[PDB]
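Two versions of one and the same chain are coming, encoded as C-alpha cells; call them structure 1 and structure 2.
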Structure 1
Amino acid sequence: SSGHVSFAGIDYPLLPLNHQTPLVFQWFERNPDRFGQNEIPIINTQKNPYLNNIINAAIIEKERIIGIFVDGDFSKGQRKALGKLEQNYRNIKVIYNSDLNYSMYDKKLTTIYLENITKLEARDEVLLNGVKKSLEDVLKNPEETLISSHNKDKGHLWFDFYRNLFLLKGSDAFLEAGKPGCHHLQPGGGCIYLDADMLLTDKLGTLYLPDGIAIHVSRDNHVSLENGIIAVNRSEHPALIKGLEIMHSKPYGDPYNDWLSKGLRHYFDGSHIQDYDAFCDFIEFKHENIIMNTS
C-alpha cells in the first residue's frame, strides 16, 4: 500500500515515519562533575561535537521534535542549562530518565529464576549446569528486579537497557514527560533514535520502513547490526516486545548479542532460514543525509 518487503515467508508492509516521528538522542552521564556546573552536560569538543550534532539536526528538522533523553546526577545549574537549550531551540525537548515509569516492563529476578527452574525440571549438560547455577542465583536482595539491578551499573548496560525501554515507549515518552509543544506527536507513535555522533546534512523527510522498523548496519566483507540508528513507527513495536520477552525469560545477559538484536532476528526470522547477511540487508536503515560516527 505503501508497498511491501518480503522476508522469511512474510510480506511486511512498508510503513511511513513522517515528520510527526521525533528524533531521539541519548546522553547518560556517569561523571557530570566533569562538566561545568552551569553548562550543558553533553560532550561538545572539536573531536566529539555531540551537542553541535544534535543542534544541527534540530535546526534542519525544523518540523520535527528532537528529544534528548538523559540520565545522571546533574546539578541544578546543569538542569537549567538544559532548560535554556529548550528555550533557544523550540523543537528540542529534554527528557530525564527519572521522570519516566518503566514498571510495566519490569520483572522480579526471583520470578525469572523460578520460571527457569520450573522449565529446567523437564536434556543436556547445558541445562543441568544452567539449572544449578540459576538455582544458586535465586538463593541470593530479594526485592530486586531488572530495573533495580540495571540501576546499579553505571556503564553500558545502564545505557542500553534504558535505550531499549525508551524505544518501547516511543513518542509516548515525550507525552509522559509532559513536554511543551508536543501536540503534533502521534500518541502511541514511534521515534528515530540516533547516536549523537552523526552528521545530518539535510532533511530526512518521511521514511518508509519494513513493518515500520529499521536499524543501522555497518558493512568490508563483513556486515553487522549496529546500534547507532534505531527507527520504529509505533510504541511497543512487536519486534522490540520480542526482545523484552527474551530478557524476561532468560537469567543471564549475552554481551555481544543483546536482547534488542536477538528480539529483532527472532521476530523476523525465528527459524534462521535466511542468513544473517540477508537479515541485515532487510532491516538496514539507509539514508543518504545521515553520516554515522563522523568523529
Structure 2
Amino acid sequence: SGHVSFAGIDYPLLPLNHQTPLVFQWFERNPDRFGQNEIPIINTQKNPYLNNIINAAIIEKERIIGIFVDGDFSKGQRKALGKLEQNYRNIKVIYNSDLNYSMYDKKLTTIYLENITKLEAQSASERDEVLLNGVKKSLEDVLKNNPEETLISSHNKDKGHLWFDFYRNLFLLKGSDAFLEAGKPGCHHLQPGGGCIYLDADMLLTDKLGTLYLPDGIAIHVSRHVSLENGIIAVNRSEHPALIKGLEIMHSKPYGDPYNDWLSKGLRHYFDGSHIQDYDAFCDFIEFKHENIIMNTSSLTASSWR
C-alpha cells in the first residue's frame, strides 16, 4: 500500500531513499573516563555502542552515517574521532558545538512570564494555583541564578538524559542539512532540506534498511504496555511540521519535556488534534517498523545511563 488514513485524513507513505543518512548520537558527560587517544563513545561488553555504529556503517556502506556528539573532548579524542572517519569513509562526526540552534530557542523568563500572566488572568476560583505558585518560584530562581537562561542552555549536561533528548529533537529539525552546516566533507549528495533516520546505538542492524516509506515522512519507535519512544526518529525532511508543533509546546509550557511534550504530544496533536483516536491507534500509525533492526537491545543488557 501507498497511503494510510489516520483520524480521518489520508497520508501518503513518503519515501526515505537509501541515501537518507542514519544518525547516531553520543553525548558524553565525562569524557575523562576514556583514554586521551580513545574514541570517547561507550564501547563496553554491555554497551558496545561504538562497535554497533561501526557495524551499521559496514552494512550501510553506501549511505552516510552521522555520529552526533557533544562533550568536553580532548584534542586527542577529537583526533581519534577523525581517525574513525578516515577508517570508515561514510561516517561523519558532527560536533554539537558546530551547529546553531538560536532560531529554535526561547528565554525561560519569557516562558515563565507568559504563563504567570495567563494564570493570573484566570479567576482564583478557576485556576491551578499550585502551578501558578510553582512557575512563580521557577521565575524567581532563574532571575537569581541566570536571567538569560534559555530552553536550550537549560538542557545541558548537568540535566542527565534531558541533554541528549533535547538536542536529538533539535537535530531532527535540521535534518540532513546539519551535515553541511557542520562542514562535513563528502556530504554534497544529500538532498537539500532532506531528512535522516535517527537511531539509538543499541538498535542493531542485521541487514540493509533499503528504502523506507513513512506516513507524511515521519515515524518513531514504539515499545510493546505500548508507548511512543524516542530511540528511533525518522523524517524525510527538515522542520517536519509535527516536530515544529512539539517545539511550539516547548515554547509555551513551563516544564516542557522533550519526550513527553515535544515528541509525544507534538506528534499526537499534530496528527490527532481533536483527540478522536486511541493513543494505541496513534502508536500503530506512527510506528517505525523494520525487520532488519533488533530494537532497544540495552533493555536486554543494561541502560547506559539509567
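Numbering runs along the sequence of structure 1, starting at 1. Basically, rigid core = biggest C-alpha set you can superpose within 1.5 Å across the two forms.
Conformational change between structure 1 and structure 2, one of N116, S171, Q78, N164, C-alpha moving 2 Å or more after core fit: Result of the comparison: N116.
Core fit, then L128 C-alpha moves 2 Å or more between structure 1 and structure 2: After core superposition, the displacement of the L128 C-alpha between structure 1 and structure 2 reaches the 2 Å mark, so yes.
Rigid core fit then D254 CA moved by 2 Å or more between structure 1 and structure 2: Comparing the forms between structure 1 and structure 2, which are aligned on their rigid core, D254 does shift its C-alpha by 2 Å or more.
Core superposition between structure 1 and structure 2, C-alpha change of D202 at least 2 Å: Stays below the 2 Å threshold, so no.
Core-aligned Cα shift of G155 between structure 1 and structure 2, given in Å: Core-aligned C-alpha shift comes out at 1.4 Å.
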